[PDB]
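To keep things clear, I will list the structure first and then write my remarks on it.
Note: ideal-geometry Cβ built from the backbone for every residue, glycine included; neighbour counts use all protein chains shown. All of the numbers you see were taken from the coordinates with simple rules; none came from a lab.
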Amino acid sequence: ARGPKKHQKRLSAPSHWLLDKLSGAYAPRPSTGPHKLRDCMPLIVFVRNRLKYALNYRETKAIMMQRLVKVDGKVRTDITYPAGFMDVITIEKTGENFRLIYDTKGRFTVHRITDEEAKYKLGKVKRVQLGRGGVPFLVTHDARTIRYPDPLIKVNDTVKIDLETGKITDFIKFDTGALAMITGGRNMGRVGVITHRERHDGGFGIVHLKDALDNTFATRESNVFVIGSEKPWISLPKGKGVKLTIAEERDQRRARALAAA
Amino acid sequence: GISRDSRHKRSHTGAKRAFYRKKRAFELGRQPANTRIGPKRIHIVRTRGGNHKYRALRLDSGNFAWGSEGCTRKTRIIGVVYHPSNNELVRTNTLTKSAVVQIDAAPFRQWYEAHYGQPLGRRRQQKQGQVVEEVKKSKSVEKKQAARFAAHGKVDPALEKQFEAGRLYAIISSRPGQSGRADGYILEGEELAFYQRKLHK
Amino acid sequence: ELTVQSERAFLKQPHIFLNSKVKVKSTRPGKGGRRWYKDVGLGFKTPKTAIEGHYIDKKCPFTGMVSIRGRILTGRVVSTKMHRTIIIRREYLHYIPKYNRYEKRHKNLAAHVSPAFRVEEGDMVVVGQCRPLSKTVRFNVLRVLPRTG
RNA sequence: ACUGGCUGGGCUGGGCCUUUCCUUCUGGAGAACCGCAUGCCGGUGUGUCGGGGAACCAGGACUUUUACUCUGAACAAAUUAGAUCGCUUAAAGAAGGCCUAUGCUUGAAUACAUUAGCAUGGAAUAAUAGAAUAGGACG
RNA sequence: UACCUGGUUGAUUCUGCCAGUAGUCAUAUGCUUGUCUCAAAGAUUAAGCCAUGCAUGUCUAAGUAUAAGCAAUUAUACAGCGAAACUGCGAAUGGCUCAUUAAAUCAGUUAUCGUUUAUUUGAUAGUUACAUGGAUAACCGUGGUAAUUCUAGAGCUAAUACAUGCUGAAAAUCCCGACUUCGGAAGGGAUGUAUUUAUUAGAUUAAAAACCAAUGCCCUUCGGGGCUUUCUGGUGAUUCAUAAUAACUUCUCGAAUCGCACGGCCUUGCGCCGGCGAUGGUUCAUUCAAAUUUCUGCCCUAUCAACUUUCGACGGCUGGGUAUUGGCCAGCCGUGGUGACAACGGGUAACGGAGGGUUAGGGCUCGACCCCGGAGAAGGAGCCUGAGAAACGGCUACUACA
């Protein structure tokens, strides 16, 4: 259409941003960065629509511009910045640290973490090979490319990154018995244990997982994100991704409310 | 300008198509540049995405290579003698890929003489006008060739007798019109049979 | 085929040097100096007539530079009067929901047939998707099914 | 509302026997049954003790082909059905709620589309091939 | 809410239609009109024609300041704010409409081992030098035409504009070789990356020997017994990733660039070293993408039954051209391709879809129109700049208006 598009019309934005169908005609239109446009978390909606710090468009730009908030340790001031899975956003002058992570309904939450655990990340590897001059390197899901990694590491595995120098600190395999978290689909936010894997030579293999309550579900390999073998390496949010059904959820909620009051 | 789409064509059942859209920026084509023999002249065109291409119009020398001995020297090209597609090209000496041409052996033979002190294709013994030689400034060097000859061997007889005339057969394998450098290699072996009969019969 | 070399140019696999003085016997068909070939995969076996042959056909999925990826279909050989191409017939059943019963339909397709295989009228075929070769050819014959009485 | 019992009556499913049991190779770890003794009240952690056949995983080979049905994966937002909150009610909206608070806490669910394409279980129903001038199967 | 009533006859029972009854985010019109919440609106005929006003520009401490520019008095190169102008970027997004279009657009689902990509993000490049050269804007001053966002000739000057252009060190590899104790060697050249061509490596499944030619050897009683040895990634699949050799090029890139801080050493020299940023730069990866592409699916018509190839119609080969594949194009050669399971052609008061209206179930009908995709700016064609245009609030020519 005679070039690339540069506006994004409201009522077409991703549903998990939780924007109202009234009060304006346009949406923030995230810029281009390390995470997909369809799967990202604009900073402007985070500060104004989630933390309620700013009331209006104008005050939102003042916060990022004054270099008061830094994603992953690097203070980036662009408003429509794409923030994605597993990334760490830290605001130091007020002492809060958040991690973008899914809940059991497939959306983003305001998760609080401690200052000791805000200094490392982990990410899936998509390609590992040797670049020019024979050096070997790999790139993760947020466009970090590290070279000279441990040779044993293979594709689809997960690696831990330090966030101040940026070297692998530990690794995880991808086989039966691991602990994973799904990142896309109907099963967004579930947490399970790899039961076994089924391979289809030619595309789109399937994997079977088992929950803690003995539930069963399945997903594609390119949609699972291993975060541990046992004893998850990060602080899961409230609910721990167990996917209660509707019937119990209403029952327990009323009981807790009456007991509190 | 010229267009390279498929809309103006006729479907595989015979149905005439209808008009869809005006011509597009992409899918275009350019006037075929012609390359011949002459003084070096080159034109540069600016392609899509800030890239450039080269256009050959006239050439006289290009990189050639002898695979068996691994010698690559930019020799001068005489004339195209055979083109598989159509005879019209040969008469006007316009050179394209897979065109049999004539190449001299001035650098290649000179390199062979350094490689070994052995005569190559000499049937001028009757005249012996130009016979001359110079003493190698050692005897260890003859030892080197006396042992190099043991494994490398000798050039086959059919190819040798070609040096007597002083004209070699070559094939162009580059694309004059895209890259600008008419590169080529030198033929050998059973390939001679097929082309030899065709060229001069 | 009667003669291998019958055109204006000389037919040969690219980047396969033949006229080397020293002779060495080894593995890796391409490296040694003999005919080169690969394996497509998916449990498909390269037939012996492809390896112990002399034909040159830069389109054939074996001994050539074309990859197979995409759909895999089956059909019928309706005609083989063309040169190294065939036409395949595929039948299926449409639905027509309102009347709660099906129709018969019909479609023809054109797939490149390699010289390795031999396929007379009335035989099965399996094809796989490749790069655009001709105006209407995008598939290649892979397995002629055994011929039943 | 909670607890146990009937050799209670049924429905769904899984194992063996009746000529029918259910393919096969390589590797991983390892339970039950077995013999040893340091220990306690016919038994067990003992140990880098060892011998069987089998549940799981990874790897390789083999199987008449389509139609049909079950279960999975993937597939916009708005719209349809539909849960919650007294905008003073309603059409609407996705808000809100608690005490006194320099504060705390929640929701923004769920189902369907249905044809075509990708996997999985079922083997009745409707088609199709197989040994007859044996050019048949096995060692 | 799965529903019916009046009408042919002197009166009766039927087939059968006409009329009545209800809804419509479905248009027009007549009569009438006190209040509160919400707000559609030149689509249908004419994608007919347009006066006038507007709808796209942009500066931070960080590209270029001698304003006879403003403001003070810390700057004898300047140092604050700052008109005009050069340079950089966008102007290819938005907004409007539905004329053309019947496997065409479009929908779900696949592929790029067949390509391009400014910008964003992450990595990444040892083979005069206290600094190189000419113009031009703004500007003073002299002009032309009734007419314009027209411009002439004379005199000055800046670059992140244009054009040049050294950069510290050694090892190792292949060739030439000053030199003979027939045994290795003085010294001599090349070796980043960009392009093109040719050759080489890029392995591997279970083992025991026995012969031909000969040279590193350990132990050793000099009779001899022997023999061990290093790497090699990935996909279902490649000539993949990567490396080595021989060469080549009107031939690139490897910072003559700008702001803040004011530091440390000893030969005390207008000496050496040192931080954080901005703007750029070859290649790889990512993001926004784009272009092609596999399978299946569209309303009426037989008073449309055989169509396509003269001047490509189906395929093979060799090249050309494009960012790349391809009958896309140029040559030579075969005779093919679709069809009663409805091809080809004709009509549409036809943009497609998500969807709207009405209901027992099954359906009938509408969809220019707030979301996604496509096309167009009076009708046709052609092109410059750029990563991206066959652009029209860009240019060139014809037609019709003016």
Seminar exercise, completed: Sole miss for C:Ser20 among (1) free of Cβ contacts under 8 Å to residues at least 12 places away in the same chain; (2) small (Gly, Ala, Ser); (3) closer than 30 Å to B:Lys154 by Cβ is condition (1)
Seminar exercise, completed: So, first residue basic (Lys, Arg) in the stretch A:1-17, second residue surrounded by 15 or more Cβ atoms within 10 Å (Cβ to Cβ), Cβ within less than 6 Å, six or more apart or across chains; the pairs are A:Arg10/A:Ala27
Exercise. Does C:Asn140 count as away from chain B (no Cβ under 14 Å), under 17 Å from the mean Cα position of the chain (by Cα) and of a type in the set (S, T, N, Q)?
Worked result: yes
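Each row is one residue, and each column tells you yes or no for (1) polar (S, T, N, Q); (2) over 18 Å from C:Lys12 (Cβ atoms).
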{"position": "B:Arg124", "(1), (2)": "no, yes"}
{"position": "B:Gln128", "(1), (2)": "yes, yes"}
{"position": "B:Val155", "(1), (2)": "no, yes"}
{"position": "B:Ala158", "(1), (2)": "no, yes"}
{"position": "B:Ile172", "(1), (2)": "no, no"}
{"position": "B:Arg181", "(1), (2)": "no, yes"}
{"position": "B:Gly189", "(1), (2)": "no, no"}
{"position": "B:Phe194", "(1), (2)": "no, no"}
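Taking the stretch C:28-82 only, how many residues are part of a helix (DSSP H, G or I), within 26 Å of C:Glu7 (Cβ to Cβ) and more than 8 Å from RNA strand E (Cβ to nearest atom)?
Summing the residues that are part of a helix (DSSP H, G or I), within 26 Å of C:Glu7 (Cβ to Cβ) and more than 8 Å from RNA strand E (Cβ to nearest atom) in the stretch C:28-82 gives 4.
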Exercise. Restricting attention to the stretch A:9-38, which residues are within 12 Å of RNA strand E (Cβ to nearest atom) and closer than 18 Å to A:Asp78 by Cα?
Worked result: A:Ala27, A:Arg29, A:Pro30, A:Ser31, A:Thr32, A:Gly33, A:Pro34, A:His35, A:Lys36, A:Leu37
Exercise. In the stretch B:84-116, what residues are part of a loop (DSSP other than H, G, I, E, B) and either more than 14 Å from chain C (Cβ to nearest Cβ) or more than 13 Å from B:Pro176 (Cβ to Cβ) (or both)?
Worked result: B:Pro84, B:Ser85, B:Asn86, B:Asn87, B:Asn93, B:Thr94, B:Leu95, B:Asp104, B:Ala105, B:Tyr116
For this session: State whether the residues of the stretch C:3-20 include one that is touching a strand residue (DSSP E or B) at 6+ places or on another chain (Cβ under 8 Å) and among the hydrophobic types (A, V, I, L, M, F, W, C).
Result: no
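Tell me which residues, restricted to the stretch C:88-111, are of a type in the set (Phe, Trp, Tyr) and either exposed (fewer than 10 other Cβ atoms within 10 Å of the Cβ) or farther than 30 Å from C:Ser67 by Cβ (or both). Steps first, answer last, please.
Our first condition is that a residue be of a type in the set (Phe, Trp, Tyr); within the stretch C:88-111, this holds for C:92, C:95, C:99, C:102.
Within the stretch C:88-111, C:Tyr95, C:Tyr99, C:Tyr102 qualify.
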Exercise. Given (1) assigned to a loop (DSSP other than H, G, I, E, B); (2) away from every other protein chain (no Cβ under 14 Å); (3) more than 11 Å from the chain's Cα centre (by Cα), where does B:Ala182 come up short, assuming only one miss?
Worked result: (3)
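Being small (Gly, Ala, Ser) and within 14 Å of chain C (Cβ to nearest Cβ) is true for just one of B:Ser138, B:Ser173. Which residue is that?
The conditions single out B:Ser173.
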For this session: Could you pull out the residue among A:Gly131, A:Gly95 that is within 13 Å of RNA strand E (Cβ to nearest atom) and without any contact (Cβ under 8 Å) to a residue 24 or more places away in the chain?
Result: A:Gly131
Seminar exercise, completed: Filtering the stretch C:64-81 down to residues that are more than 12 Å from RNA strand D (Cβ to nearest atom), among the hydrophobic types (A, V, I, L, M, F, W, C) and within 14 Å of chain A (Cβ to nearest Cβ) yields C:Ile68
Seminar exercise, completed: Among C:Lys38, C:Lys59, the single one that is closer than 22 Å to B:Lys97 by Cβ and away from chain B (no Cβ under 14 Å) is C:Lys59
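Report the residue count in the stretch C:10-29 for those that are away from chain B (no Cβ under 12 Å), over 18 Å from C:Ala116 (Cβ atoms) and of a type outside the set (D, E, K, R).
Number of matching residues: 3.
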Exercise. Would a scan of the stretch A:139-157 turn up a residue that is surrounded by 16 or more Cβ atoms within 10 Å (Cβ to Cβ), in contact (Cβ under 8 Å) with a residue 40 or more places away in the chain, within 30 Å of A:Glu96 (Cα to Cα) and of a type in the set (A, V, I, L, M, F, W, C)?
Worked result: no
Problem set entry | Residue under evaluation B:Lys161, criteria (1) more than 14 Å from chain C (Cβ to nearest Cβ); (2) surrounded by 14 or more Cβ atoms within 10 Å (Cβ to Cβ); (3) among the charged types (D, E, K, R), criterion not met | (2)
Seminar exercise, completed: Residues of the stretch C:41-56 being small (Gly, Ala, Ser) and more than 14 Å from every other protein chain (Cβ to nearest Cβ), in sequence order, are C:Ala50, C:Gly53
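Listed here are the residues, each with its yes/no results for (1) part of a loop (DSSP other than H, G, I, E, B); (2) near RNA strand D (Cβ under 10 Å from one of its atoms).
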site: A:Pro4; (1), (2): yes, no
site: A:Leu19; (1), (2): yes, yes
site: A:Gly33; (1), (2): yes, no
site: A:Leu37; (1), (2): yes, no
site: A:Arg48; (1), (2): no, no
site: A:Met86; (1), (2): yes, no
site: A:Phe98; (1), (2): no, no
Exercise. Taking the stretch B:185-201 as the search range and keeping residues that are loosely packed, with under 15 Cβ neighbours inside 10 Å and assigned to a loop (DSSP other than H, G, I, E, B), which one is farthest from the chain's Cα centre (by Cα)?
Worked result: B:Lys201
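This table checks each residue for (1) among the hydroxyl-bearing types (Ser, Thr, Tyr); (2) under 24 Å from A:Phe108 (Cα atoms).
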{"residue": "A:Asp142", "(1), (2)": "no, yes"}
{"residue": "A:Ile146", "(1), (2)": "no, no"}
{"residue": "A:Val159", "(1), (2)": "no, yes"}
{"residue": "A:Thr165", "(1), (2)": "yes, no"}
{"residue": "A:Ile168", "(1), (2)": "no, no"}
{"residue": "A:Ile172", "(1), (2)": "no, no"}
{"residue": "A:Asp175", "(1), (2)": "no, no"}
{"residue": "A:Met188", "(1), (2)": "no, yes"}
{"residue": "A:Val191", "(1), (2)": "no, yes"}
For this session: Could you please let me know if B:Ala65 is assigned to a strand (DSSP E or B), within 6 Å of RNA strand E (Cβ to nearest atom) and within 30 Å of B:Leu199 (Cβ to Cβ)?
Result: yes
Seminar exercise, completed: Apart from one, (1) charged (D, E, K, R); (2) under 16 Å from B:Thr94 (Cα atoms); (3) part of a loop (DSSP other than H, G, I, E, B) all hold for B:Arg58; the odd one out is (3)
Seminar exercise, completed: Filtering the stretch C:112-132 down to residues that are buried (at least 16 other Cβ atoms within 10 Å of the Cβ) and within 14 Å of another protein chain (Cβ to nearest Cβ) yields C:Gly128
